[PDB]
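Protein chains in written order, with the entry's author numbering: chain CCC, 1 to 570; chain CCC', 1 to 570; chain AAA, 1 to 100; chain AAA', 1 to 100; chain AAA'', 1 to 100; chain BBB, 5 to 126. A prime marks a further copy of an entry chain. See below for the structure under consideration.
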Amino acid sequence: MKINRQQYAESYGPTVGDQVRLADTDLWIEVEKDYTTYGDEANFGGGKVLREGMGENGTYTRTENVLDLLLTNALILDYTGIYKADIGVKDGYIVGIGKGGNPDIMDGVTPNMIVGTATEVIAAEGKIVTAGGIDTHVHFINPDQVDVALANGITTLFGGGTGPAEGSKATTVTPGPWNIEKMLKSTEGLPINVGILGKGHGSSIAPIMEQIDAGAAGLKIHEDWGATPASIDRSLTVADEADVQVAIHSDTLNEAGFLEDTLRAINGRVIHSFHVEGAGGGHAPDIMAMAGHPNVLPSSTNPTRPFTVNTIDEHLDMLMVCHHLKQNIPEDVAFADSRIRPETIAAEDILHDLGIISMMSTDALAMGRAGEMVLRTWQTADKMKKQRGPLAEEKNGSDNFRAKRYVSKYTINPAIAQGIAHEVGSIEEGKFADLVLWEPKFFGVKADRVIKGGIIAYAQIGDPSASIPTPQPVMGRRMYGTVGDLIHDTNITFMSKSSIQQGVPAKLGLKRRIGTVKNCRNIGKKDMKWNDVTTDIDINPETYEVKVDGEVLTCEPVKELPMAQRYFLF
Amino acid sequence: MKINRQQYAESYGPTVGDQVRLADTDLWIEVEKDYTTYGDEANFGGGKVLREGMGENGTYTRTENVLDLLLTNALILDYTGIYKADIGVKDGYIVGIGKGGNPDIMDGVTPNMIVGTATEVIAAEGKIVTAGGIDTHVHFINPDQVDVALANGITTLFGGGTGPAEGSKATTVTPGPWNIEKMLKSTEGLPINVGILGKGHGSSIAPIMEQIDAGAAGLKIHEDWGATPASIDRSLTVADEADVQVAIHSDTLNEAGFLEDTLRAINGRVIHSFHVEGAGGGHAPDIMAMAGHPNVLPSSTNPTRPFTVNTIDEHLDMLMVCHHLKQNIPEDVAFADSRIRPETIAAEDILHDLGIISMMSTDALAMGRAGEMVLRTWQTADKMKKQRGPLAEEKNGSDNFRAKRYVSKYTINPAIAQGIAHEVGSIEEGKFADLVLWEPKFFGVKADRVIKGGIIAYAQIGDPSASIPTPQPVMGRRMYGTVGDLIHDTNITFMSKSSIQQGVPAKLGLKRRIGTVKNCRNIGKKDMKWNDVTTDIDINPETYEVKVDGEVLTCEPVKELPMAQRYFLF
Amino acid sequence: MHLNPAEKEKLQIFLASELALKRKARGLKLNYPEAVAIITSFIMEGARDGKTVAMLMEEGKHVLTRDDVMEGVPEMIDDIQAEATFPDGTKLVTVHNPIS
Amino acid sequence: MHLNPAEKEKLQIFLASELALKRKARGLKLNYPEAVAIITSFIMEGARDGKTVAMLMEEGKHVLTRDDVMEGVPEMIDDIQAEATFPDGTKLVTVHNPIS
Amino acid sequence: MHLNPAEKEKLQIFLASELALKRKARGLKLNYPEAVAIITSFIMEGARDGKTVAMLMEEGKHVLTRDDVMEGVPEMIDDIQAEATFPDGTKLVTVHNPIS
Amino acid sequence: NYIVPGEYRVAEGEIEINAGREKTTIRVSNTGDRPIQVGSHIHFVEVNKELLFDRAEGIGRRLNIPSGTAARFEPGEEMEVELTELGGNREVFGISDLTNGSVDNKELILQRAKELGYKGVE
Ligand code: NI
Ligand code: NI
Ligand code: NI
Ligand code: NI
Ligand SMILES: [O-]
Ligand SMILES: [O-]
């Protein structure tokens with residue numbers, strides 16, 4: 001007996017060679033392989049396969065190779081591939097990607113993916129499943145920002161802040177031992193993973209270092225605290241010693257030096273370059289030349305992503321308002337002109353597409369949108385397909401190469417940069433079970449179900465008073481993963497090795513899972529998955545025009561984007 | 001001096017012989033007795049009786065017979081009676097039902113019901129007070145469901161789920177040791193009592209049993225996990241050993257056996273039969289014949305309650321949609337026909353009225369409404385009075401017999417079935433102080449105040465910014481019982497003896513009160529208060545017509561119900 | 001008023017419907033949430049007016065047509081469900097493919 | 001806007017009133033929460049217009065009549081209270097037996 | 001509908017605008033939150049209609065005039081910001097001194 | 005190129021289920037008066053007592069139908085079904101307790117079937 005390929009895809013999700021449109025973009029991903037055994041697919045419900053004696057093993061206790069959770073028939077989209085598989089979760093971690101079910105009676109069962117009495121089932125047939133997104137440019141400004149992030153499939157927040165204080169409103173910084181402690185305690189009630197950054201500023205080591213010992217997971221150098229040669233150097237010295245990442249927003253004003261001075265201060269050490277294009281801040285106008293160096297891990301923030309007709313007016317205005325810039329004052333006007341640049345914003349679209357900028361991030365609530373990092377990544381990929389066409393490397397009419405390059409920008413690459421990719425960042429065996437299910441029609445726009453540590457934390461779901469879960473109003477809501485003490489087990493606080501060794505968790509009474517930041521100082525651009533290009537980037541001092549391999553990188557703004565007015569009530 | 005009986009009832013609530021209409025139904029309950037001393041009633045306020053030296057004792061410390069809380073002038077509606085009394089609460093438990101006040105100066109004071117310095121007062125004159133409702137068919141799908149339940153006077157949730165996962169969306173099951181632990185931790189933040197059910201499925205004992213040891217309070221057998229002879233047998237074997245209840249949703253498909261096979265597998269052991277009518281699932285079409293056996297504790301879910309003009313269309317549709325049933329496919333249409341049956345739904349109304357179905361429950365968010373178990377119990381009683389008239393057993397023109405029969409279905413009977421009636425389920429001395437106050441006009445529709453463990457957890461109350469509590473908008477809100485650590489002391493997590501003996505609470509850091517499930521295996525139908533009828537139920541294989549004592553049980557659907565459009569904004 | 005949780009929530013559907021209808025009146029092709037809000041609110045108002053589930057199941061298929069909505073919207077909406085209080089209690093309405 | 005908690009809450013009364021008035025316009029006898037929403041919202045709008053507590057106390061008894069509402073509703077509503085900002089600050093209005 | 005958090009929140013601006021416009025229609029000089037609600041809601045509706053940030057920046061300065069609002073209100077409102085989905089994504093609009 | 009958000013373009017072809025497994029057709033009868041519906045992956049010999057068929061032919065097998073579908077037998081209905089071979093270890097536990105081990109214990113499975121009254125133990 002044979003099943004037609006339309007029915008097949010309708011009952012079980014697509015199989016090898018099927019393509020799926022990403023929301024309302026013109027990007028199509030194609031199933032590269034399928035771990036299943038045709039006729040033995042897993043599925044759950046009345047008369048379905050996962051029943052005792054059948055696809056559900058009735059013999060084995062939980063320790064004997066049985067899962068806590070099986071996601072059936074997921075179409076995985078990850079840096080490691082675009083393919084079809086069951087995903088097995090146990091103790092909050094992904095233990096198996098392959099084929100789940102019962103080896104009593106089924107062929108091809110991945111041996112540690114037994115569905116047993118202990119096993120919960122999530123139906124992912126017809127969903128796209130991704131790693132949760134990892135946003136490494138977060139200002140902790142308003143706790144409401146967390147749900148905003150969950151709704152767009154973000155599961156880790158790295159950044160800093162004490163709430164709507166000016167320092168926090170300007171910089172991703174939680175300054176000093178006491179502030180860091182207060183926020184670590186605060187994190188105990190935030191249902192997302194968090195890592196906190198200390199102030200990367202000072203001229204002696206001790207004032208900086210004490211923040212790593214206090215529990216910071218990293219440092220942020222920001223011009224508003226003085227991004228001087230000294231602060232850059234001490235911070236990198238602290239970072240090299242403590243094995244944490246440093247993020248930089250450099251000296252836009254060129255006060256103490258130009259880009260080349262910042263690079264000399266960096267002196268070949270590893271650093272995460274924030275909003276590398278520069279609209280979000282940095283050496284005017286050439287910051288983006290950072291993204292060519294082998295020791296820079298380059299990220300964009302989202303307000304510039306991608307280049308649209310309203311982009312410049314919006315930014316010119318934002319900046320002028322945000323800096324109390326008057327338009328009668330010519331230095332204000334000159335400042336604004338030198339900072340908001342169609343020439344570099346246009347090029348940033350292309351550097352993304354070429355794999356020269358490795359990462360996205362939001363800049364939530366300071367100059368960027370907490371729930372739009374994933375949304376804007378795909379809008380950029382789509383604009384680029386429209387303007388540049390299928391990448392050289394594509395095949396079979398799919399966009400799989402472009403899609404992997406792009407999904408990497410908000411999943412694996414930020415994890416690698418932050419030194420947390422042993423825990424999160426990708427759907428791979430041995431990593432924490434942070435997973436996002438998407439209906440393909442809502443892909444990258446609104447997450448269906450967000451799984452944290454193997455329990456659902458966030459879901460689009462309807463009237464709680466109804467006979468079934470789907471009646472209106474369907475909205476984003478916190479689920480049980482977030483309630484009571486389960487919030488502890490489903491989320492990770494990432495900390496420096498030294499603060500962990502010193503017992504900061506017990507000192508403070510933190511009950512969240514604690515993760516170790518590590519392996520940040522012995523990576524480079526070359527380690528950014530699918531986005532590992534180094535090159536001489538020239539930014540013209542006069543015209544601001546961006547050359548790579550002596551070709552000008554330029555593109556048009558678009559009047560309209562996908563993943564926009566079809567979806568949003570405001 | 002004499003007080004006219006209208007004024008009396010207006011100041012103090014009704015007294016012996018007065019009747020009260022239940023909301024907008026045509027059911028009237030009558031005060032059977034009154035514990036008061038006329039002229040010594042308790043009451044609180046300026047110039048009122050509970051003042052120091054007067055009805056409030058000024059001598060005794062809290063240990064010397066003084067209450068934490070007195071509810072004055074309650075009209076109690078319970079299986080144990082419909083009557084008027086003060087209710088005394090101390091340490092979270094009901095310690096006295098009788099007459100509260102000061103023995104210095106008052107006659108008839110129940111000796112452990114002294115109003116002293118330590119005593120808080122709730123005015124219940126003119127309220128009806130019931131036990132909190134006990135819903136034993138809950139899917140843990142959306143945490144929003146809890147307030148929905150509180151608003152309709154439900155105070156205990158028994159069931160299972162990990163949130164909106166398919167397994168949980170279909171079955172009241174929290175599978176395996178890890179899931180059960182995660183949910184136990186979750187429960188730490190849910191302001192209602194909870195008991196969790198493991199997966200009643202497997203062919204070896206150990207995989208099932210480990211869930212009882214993990215902290216499950218019971219098991220659920222569900223066809224979607226394979227309600228086979230094996231799973232039925234192992235589960236009951238586990239249950240008999242661990243002293244926990246088993247709930248069954250049997251094999252609707254008759255795949256492995258017909259009803260009689262399920263009964264053979266049960267082999268006379270005690271079992272809770274879920275949605276016994278069958279619309280919610282079970283051997284097609286005869287499941288409801290379960291409700292005649294002495295070893296079955298029979299419950300209905302609420303969507304079928306009662307039989308209305310929109311019932312069948314709504315259900316036919318629900319099922320077909322919920323199972324992805326296409327109407328072109330005749331097996332789908334035949335399936336639906338065999339499962340949704342006016343013949344059995346009509347009879348279910350009557351079996352309720354005859355005391356043959358012992359229990360209500362919601363089936364919250366899977367095929368039933370979280371906040372409508374109490375609401376639909378009384379709609380059923382009212383329909384039956386309309387259609388069948390005053391029960392043989394009624395007297396004096398009241399509905400007291402019918403009311404006790406019905407209030408038992410969502411209070412004492414689920415507690416007895418679940419093995420938790422030593423703690424909850426009824427307004428009796430020595431039980432936990434879960435109490436619901438109702439304005440008679442809102443009776444069974446919207447709870448006024450819900451008391452959990454002797455503190456208010458939930459209230460219909462108005463503008464928090466107002467000079468008094470009553471200005472609009474009056475809505476349901478969580479009260480202090482739910483806030484901070486008080487949430488621990490006001491709620492019970494019910495667990496198996498073995499998990500308690502093994503220290504699961506300390507292992508997991510649970511601070512809620514822990515209750516023991518016990519005495520589930522040595523009860524039967526005969527123990528269901530007011531609803532203890534056993535009988536041969538015949539369901540016709542051809543016509544689906546239900547006979548008991550060789551009479552067909554049939555009734556009309558109604559076009560309109562009380563407790564509906566007069567009350568609800570949507 | 002004694003608003004229960006579902007009552008507070010469902011106020012938001014009505015509100016979104018009013019916003020959507022104002023937008024239709026200005027001449028805009030409606031988007032996914034707008035379309036859903038309108039049909040949902042219609043169902044609930046139908047129940048309040050006393051129609052049957054069967055009526056609302058028929059009627060719900062004709063509240064909006066493909067030329068009321070953006071391209072793709074009809075295909076995004078497979079069914080719309082709402083529960084509301086009918087004269088004979090809460091009942092569930094499902095409208096399959098409301099925009100054909 | 002600087003919405004304080006009471007401000008956010010009271011938006012919901014206005015909204016329910018608008019829903020209730022639309023239902024009255026279709027010809028329905030109004031139910032308990034509808035009736036309460038309308039009179040409450042009226043009081044608050046009265047305060048905003050600058051009427052006195054005394055005015056609103058008189059007027060509130062004549063916003064709806066028994067023939068606007070379902071049987072039993074008049075008897076369910078004994079009084080309606082609302083607080084709103086008058087020109088001379090927040091004040092409490094009580095309307096006794098608003099539907100006679 | 002799949003309402004995200006911002007979507008639920010921004011329903012409240014529309015609602016407050018509707019309340020404010022009803023109050024203007026009765027002839028009242030509008031107060032600080034009313035004025036802000038109206039201009040904000042206008043901006044968001046502008047975005048939904050497809051105007052540019054530049055358009056809404058001009059237009060927002062002429063939705064209300066000082067004679068629509070109480071004394072002092074024009075001076076309390078220095079700028080109004082709103083984010084809404086334009087055809088080309090979410091963008092921020094700032095209207096400086098909307099009431100001159 | 006009208007855009008349907010999230011739409012599939014499925015490749016050309018058909019999927020053969022249970023490929024390379026032996027198949028077997030048998031007649032089966034619902035001798036009961038109530039409907040019986042049988043899932044894709046229940047060990048065939050362990051189905052409802054009142055289904056009459058040659059029980060032997062059920063052993064070590066299940067219905068050759070798409071995973072998660074079921075065959076329906078109305079009361080009185082007789083029809084042919086096709087079977088496929090169980091895979092993996094070819095062991096069955098629980099269900100009706102007829103096998104509880106290798107599907108090769110044909111002689112034992114059938115004896116248990118006969119004693120409990122599964123119709124068609126030949
Ligand atoms: Ni910055
Ligand atoms: Ni920033
Ligand atoms: Ni069930
Ligand atoms: Ni259920
Ligand atoms: O920034
Ligand atoms: O159920």
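Quick reminder that beta carbons are idealized off the backbone N, C-alpha and C, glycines included.
Buried versus exposed call for residue i [16 or more other C-beta atoms within 10 Å across all chains shown]
i                : result
residue 463/CCC' : buried
residue 225/CCC' : buried
residue 327/CCC  : exposed
residue 6/BBB    : exposed
residue 396/CCC' : exposed
residue 362/CCC  : buried
N- and C-terminal bounds of the beta strand (DSSP E) containing residue i
i               : result
residue 460/CCC : 455-461
residue 73/CCC' : 69-78
residue 82/AAA  : 79-86
Alpha helix (DSSP H) segment containing residue i, residue limits
i               : result
residue 53/BBB  : Careful: residue 53/BBB lies outside any alpha helix (DSSP H) and carries neither H nor E.
residue 298/CCC : Residue 298/CCC -> not in any alpha helix (DSSP H); beta strand (DSSP E) instead, spanning 296-298.
C-beta neighbour in chain CCC for residue i, strict 8 angstroms
i              : result
residue 33/BBB : no
residue 97/BBB : yes
Chain AAA' contact for residue i (CB, 8 angstroms cutoff)
i              : result
residue 91/AAA : no
residue 48/AAA : yes
Beta carbon proximity, residue i to chain BBB, threshold 8 angstroms
i              : result
residue 32/CCC : no
residue 83/AAA : no
is_contact[residue i, chain CCC'] using C-beta, thresh 8 angstroms
i               : result
residue 31/AAA' : yes
residue 469/CCC : yes
is_contact[residue i, chain AAA] using C-beta, thresh 8 angstroms
i                : result
residue 23/AAA'' : no
Beta carbon proximity, residue i to chain AAA'', threshold 8 angstroms
i               : result
residue 14/AAA' : yes
Minimum C-alpha distance to residue i - residue among the options
i                : options                                   : result
residue 34/BBB   : 10/BBB, 53/BBB and 12/BBB                 : 53/BBB
residue 106/BBB  : 95/BBB, 113/BBB and 114/BBB               : 95/BBB
residue 100/AAA  : 17/AAA, 47/AAA, 43/AAA and 59/AAA         : 59/AAA
residue 280/CCC' : 297/CCC', 233/CCC', 336/CCC' and 242/CCC' : 336/CCC'
Q. What residues from the stretch 145-164 of chain CCC' come within 8 angstroms of chain AAA, judged by C-beta to C-beta, listed N to C?
A. 147, 148, 151 and 152
**Q.** Interfacial residues, the stretch 439-464 of chain CCC to chain CCC', with Cβ spacing under 7 angstroms
**A.** 449, 455, 456, 459, 461 and 464
Q | Chain-ordered residues of the stretch 219-244 of chain CCC' with a beta carbon less than 7 angstroms from chain CCC | A | 223, 224, 225, 226, 228, 230 and 231
Q: Could you name the residues of the stretch 300-330 of chain CCC' whose beta carbon sits closer than 8 angstroms to any beta carbon of chain CCC, in the order they occur along the chain?
A: 303, 318, 322 and 323
Q: Scan the stretch 25-57 of chain BBB for residues whose Cβ lies nearer than 8 angstroms to a Cβ of chain CCC' and list them as they occur along the chain.
A: 36, 37, 38, 39, 40, 41, 42, 43, 46, 50, 51, 52, 53 and 54
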